[PDB]
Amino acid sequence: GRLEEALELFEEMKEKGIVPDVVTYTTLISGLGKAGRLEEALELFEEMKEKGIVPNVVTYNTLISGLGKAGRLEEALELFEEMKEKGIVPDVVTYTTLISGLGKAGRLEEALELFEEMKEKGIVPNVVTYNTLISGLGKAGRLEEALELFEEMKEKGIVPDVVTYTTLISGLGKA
C-alpha cells in the first residue's frame, strides 16, 4: 500500500534507463486500482501500450473491475472488446464484473447476452453470475426466465444461496 514510494521507484528506474516490464506495470496498475486511483491506473495502461509492453488478463481484469465499480460501463466494455481483439482471453472474473455492472445499470438484456457468450467460450458461470441475472430478471417481472436460470444452475451443480431463493420466492409471491 506504499504506493507513492512504489511510483518513485518506477520513475527512478526509467530515468536510469532500466526498462520496466509487464510485472512492473501490472503491480502498479493493480495497486493504483485497489487504492481507487483509477485514472492514474488507466494512464499507466496507455503508456505501457505505447512502449510495446503487452498487457495481459490480469491488467485487463483490474481496469475493467475498477471501471465497473465506478459505473463507467461504456469504457469497461471498450476494454473488454479490446482484450479480445488482442487474443487475451477473458475469464470468469471479467464476465462476472461486466454482467454485474450491466445488471446494476439495469442493462439486463445486454447482461444476458454476455452470459450466453461466456458459455459459448466455455467460461463457467458461478453463483454470483446466476444471482445477478436471476435478481435482475425477477425485479423485471420475467419470472419464467428466472426459473429457467434457477433450474440451469442446479443442473450444473452451482449451488444456489439464500439471496437466490429470496429473490425467486419474492417474485413468485407477488406475481
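The first residue of the sequence shown is number 1, and the count goes up from there.
Across the two stretches, 133-141 and 31-39, the PDB entry reports the greater mean Cα temperature factor for 31-39. For the pair 142-150 and 52-60, the mean Cα B-factor is higher in 52-60. Per the deposited record, the Cα B-factor of residue 124 falls in the middle third when ranked against the other modelled residues of its chain.
Ranked within its chain, residue 91 lands in the highest third, by CA B factor from the PDB record.
Placement of the Cα temperature factor of residue 73 within the chain: lowest third of the modelled residues, per the deposited record. Among all modelled residues in its chain, residue 118 ranks in the middle third by Cα B-factor.
For residue 111, the recorded CA B-factor ranks within the lowest third of the chain. Only modelled residues enter the ranking.
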